[PDB]
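Taken in order, the sequence shown gives residues 58 to 178; the numbers are from our numbering.
Accompanying notes for the structure given below.
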Amino acid sequence: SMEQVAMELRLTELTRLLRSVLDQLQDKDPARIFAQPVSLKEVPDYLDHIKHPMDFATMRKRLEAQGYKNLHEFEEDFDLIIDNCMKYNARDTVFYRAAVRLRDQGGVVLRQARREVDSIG
C-alpha cells in the first residue's frame, strides 16, 4: 500500500536523525568506555548484576536495522548505558565518572533531538 510506504519513509527519516544523535552522543565518550558490550569473559559475574546490558555498538546494530520506532525507545537504550555503569561501578571510578559526564553532555543533545522529532513529525 502507499500508506505502508509512507510509514516506512517516516521510519527511514527517523533512523537518519537518530544516527546523527547517536554520533553526537558517542563523541561525548572519547575514552570509548561505552563503545562495546561488557565482556563476560573479562567480567564473568556481570549478568548477575546487570539484567539488561547496553552499549553503543549494540545500539548501532539496532538502529541500522531500523529497530527504533520512536525517540523514547532510543533514549531508553542510552539511559541503560549510563544507569548500568552507575550501578556496577562505584563513585570513585573512572567508569562511573565517564557515565556522569556522558549523561550531562548527552542531555543537551537529546533536548534538541526531541524538539526536532516533534517539529518534523
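From the three backbone atoms N, C-alpha and C, an ideal C-beta is built for every residue, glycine too.
CB contact below 7 Å: residue i versus chain C
i	result
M64	Judged by its chain identifiers, the structure shown contains no chain C, having just a single protein chain.
Cutoff 6 Å; reference residue i; Cβ partners in own chain excluding five residues on either side
i	result
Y125	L75, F131
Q123	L68, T72
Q83	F113
Where the alpha helix (DSSP H) through residue i begins and ends
i	result
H109	No alpha helix (DSSP H) holds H109; DSSP gives it neither H nor E.
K118	113-121
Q93	Looking at the DSSP string, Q93 is not in any alpha helix (DSSP H), and its letter there is neither H nor E.
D140	128-145
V157	151-177
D84	59-84
Chain-order list of residues whose beta-carbon lies under 7 Å from that of residue i (same chain, five-residue window excluded)
i	result
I139	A156, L159, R160
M111	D134, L137, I138, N141
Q61	none
Residue closest to residue i, alpha-carbon to alpha-carbon, out of the options
i	options	result
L167	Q81, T150, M111, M64	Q81
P87	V151, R119, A170, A63	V151
residue 50	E70, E173, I177, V62	Outside the displayed span of the chain (58 to 178) sits residue 50, for which this structure offers no information.
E173	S96, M64, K98, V78	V78
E65	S176, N127, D102, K98	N127
Spatial neighbours of residue i in its chain, beta-carbon cut-off 8 Å, leaving aside the 5 residues before and after
i	result
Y153	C142, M143, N146, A147
residue 55	Residue 55 lies beyond the residue range present for the chain, which begins at 58 and ends at 178; the question has no answer from this structure.
At least three beta-carbon pairs within less than 8 Å, the segment 124-131 to the segment 81-96: no
contact_flag[the segment 114-123, the segment 156-165] where n(CB pairs < 8 Å) is 3 or more: no
Contact the segment 98-113 vs the segment 160-169: 3+ CB pairs below 8 Å: no
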